[PDB]
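Residue numbers (the entry's author numbering), protein chains in the order written: chain A, 1 to 23; chain E, 1 to 23; chain D, 1 to 23; chain C, 1 to 23; chain B, 1 to 23.
A virtual CB, placed ideally from N, CA and C, is assigned to each residue, including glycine.
Here's the structure, in structure tokens; my notes come after.
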Amino acid sequence: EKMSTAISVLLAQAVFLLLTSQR
Amino acid sequence: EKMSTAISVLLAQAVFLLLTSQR
Amino acid sequence: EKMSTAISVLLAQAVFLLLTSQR
Amino acid sequence: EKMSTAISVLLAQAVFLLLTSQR
Amino acid sequence: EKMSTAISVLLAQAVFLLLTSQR
């Protein structure tokens, strides 16, 4: 579950930069 | 699972402020 | 897992209204 | 877990049509 | 869980191309 929460976190920042460009 | 649902919740609000700027 | 799928569902509609405003 | 991955898939397409309108 | 993280990854890229068009 450790590497599983680390992989989901990566995609998390991927969505962050998303709102950054659209915002 | 407690801290796991608390970490996902944080990102949840992160997406909320997202629709706020785009909306 | 029941309340866990009910909490994720709530955020689900939260994203729905999101595409509604942006769409 | 079967119906759990089928419920998440539904929301998946819900987000797809989202990028479709915004794109 | 292996095929489960591979199915979620697919949708991941699905959201990526999303910010690409909107950005």
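For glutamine 22(A), the chain B residues whose C-beta falls within less than 8 angstroms of its own C-beta are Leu19, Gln22 and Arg23, listed in chain order. Note on geometry: alpha-carbon atoms of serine 4(C) and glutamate 1(D) lie some 10 angstroms from one another.
For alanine 12(D), the chain C residues whose Cβ falls inside 7 angstroms of its Cβ are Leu11, in order along the chain. The straight-line gap separating the alpha-carbon atoms of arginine 23(E) and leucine 18(C) is approximately 14 angstroms. Contact between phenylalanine 16(C) and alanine 14(B) holds, since their C-beta atoms are separated by about 7 angstroms, short of 8 angstroms. Distance from the CA atom of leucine 11(A) to the CA atom of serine 21(E), rounded to whole angstroms, is 20 angstroms.
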